[PDB]
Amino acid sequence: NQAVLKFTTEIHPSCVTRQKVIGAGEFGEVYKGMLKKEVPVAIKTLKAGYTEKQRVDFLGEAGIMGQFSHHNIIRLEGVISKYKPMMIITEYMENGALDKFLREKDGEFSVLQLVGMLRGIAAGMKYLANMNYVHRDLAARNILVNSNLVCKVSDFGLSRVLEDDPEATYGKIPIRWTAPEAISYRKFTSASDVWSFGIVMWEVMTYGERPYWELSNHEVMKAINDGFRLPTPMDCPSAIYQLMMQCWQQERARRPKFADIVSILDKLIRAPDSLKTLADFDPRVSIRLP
C-alpha cells in the first residue's frame, strides 16, 4: 500500500470530529463527522491491536479508492495513519445504503428516477471494469446514496470485501448475487459483476425485495442451473426487464458489457416515453369480485 498511499492526503486528527455511529463492527466503526469552512464526512476507524493483515486490508481500501476519480465512485478525502486509531475519511452520503433506503422509501420515486439510479451505478461499474477492478460484491447494500439521489459504488479491497460481508457465506460468497462461474469455479471478472448488476437492477425496481425470497442458497443455485430466473418486478419497463435478463445469461460471453448497459440506460432515459411500456407482471394472488 506504500506506493498507492502516496496518492492520499494524510489528515491531522484535530481536523476531524466524529459525531454519530452509522456503521459498526468488531474492529472499528463508521461515523458521520465533520472535516475542517467544515464539511460532513464519513469516518471509518481501525482500533488498536489490529494485525498486519488488518492494517494492509484497511489501508488497502483507501489505497484502491485513491486511484479512482468518478462521479459514481465514493470519493476519498484522506487517511489518518500517523496517529491511532487509524482512520479513512470519505465524502458523506446522506441517504445511506441503497437497499435499506429503497425499503424505507417504498413506492416514493418515479420509474425515471429508479432507472437514473441504475445508470449511475452502471457508469461507476464501467469505470471500475475499465480500470481493471473487479468488485466481486456488487449489490444494493454496497451502493450509497446522496441528497441528489446519486448512487455511488462502495466497498473496496481485496480479501476484506467478501470476508467482511455477512451476506457472503462459506469460498465465502454472497450466493444469490454471484454469477454461476464465480460460484462454481471462482472465476470473478467484470462479466460476473454484470450478473450482479442484473440483480441490483431487480433490487432497485422492486424497492429492495430480497432476491429469490426465502429460497435457500442451494435452492437458488439449483434454480439458476435449471434455467429459472427472477420474475418481472411490478411496474417495470419492458426494456429494463429485458436488460436485466440479458445480464443473467449463463454463458458469460453473451452478457452485455457495462459499456452496453450504460449506453442502453442513457438512451432510455433520454427518450423517457420508452419506459412507459411495461413488462407483464404475473400476479401471485387472484382477487375476484362479482
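For clarity, a rigid core is taken as the largest C-alpha set superposing within 1.5 Å between two forms. Numbers for residues come from their place in the sequence shown, where the first is 1.
Novice: Once the rigid core is lined up, would you tell me whether 54 to 62 or 257 to 265 has the higher RMS CA deviation in 9 other deposited structures of this protein?
Specialist: Of the two stretches, the larger average C-alpha offset in 9 other deposited structures of this protein falls on 54 to 62.
Novice: Comparing against the shown form in 9 other deposited structures of this protein, which stretch has the larger RMS C-alpha deviation after a rigid core superposition, 83 to 91 or 183 to 191?
Specialist: Between the two stretches, 83 to 91 moves farther in 9 other deposited structures of this protein.
Novice: Of the other entries that cover residues on both sides, do at least a third skip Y212?
Specialist: It is not, since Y212 is included in all of the other entries that model both flanking stretches.
Novice: Output yes if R119 is unmodelled in at least a third of the other compared entries of this protein, no if it is modelled in all of them.
Specialist: No, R119 is modelled in every other compared entry.
Novice: Can you tell me how many deposited residues have no coordinates between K257 and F258? The categories are none, 1 to 3, 4 to 9, and 10 or more.
Specialist: In the deposited sequence, nothing is left without coordinates between these two.
Novice: I want to verify a possible break: how many residues of the deposited sequence sit between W213 and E214 without any coordinates (none, 1 to 3, 4 to 9, 10 or more)?
Specialist: In the record, the chain runs straight from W213 to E214 with none unmodelled.
Novice: Which of the two stretches, 266 to 274 or 16 to 24, shows the higher mean Cα temperature factor in the record?
Specialist: For C-alpha atoms only, the mean B-factor is higher in 16 to 24.
Novice: Going by the mean C-alpha B-factor recorded in the entry, which is higher: 214 to 222 or 195 to 203?
Specialist: Mean B over CA atoms: larger for 214 to 222.
Novice: Per the entry's Cα B factor values, which of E94, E167, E108, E181 stands out as the maximum?
Specialist: Largest recorded C-alpha B-factor: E167.
Novice: Tell me, please, which of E38, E251, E52, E61 has the highest C-alpha B factor according to the deposited entry?
Specialist: Max CA B-factor in the entry, restricted to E38, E251, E52, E61: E38.
Novice: Compare the C-alpha B factor of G116 with those of the other modelled residues in its chain, then answer lowest, middle or highest third.
Specialist: Answer is middle: the recorded C-alpha B-factor places it there.
Novice: Lowest, middle or highest third: where is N132 by C-alpha B factor in its chain?
Specialist: Middle third, going by the recorded CA B-factors of the chain.
Novice: Can you tell me whether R229 has a C-alpha B-factor in the lowest, middle or highest third compared with the other modelled residues of the same chain?
Specialist: Within its chain, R229 is a lowest-third residue by C-alpha B-factor, going by the deposited values.
Novice: What third of the chain, by the recorded C-alpha B-factor, contains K84?
Specialist: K84: CA B-factor falls in the highest third of its chain.
Novice: Ordered by C-alpha B-factor within the chain, which third holds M244? Give me lowest, middle or highest, please.
Specialist: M244: CA B-factor falls in the lowest third of its chain.
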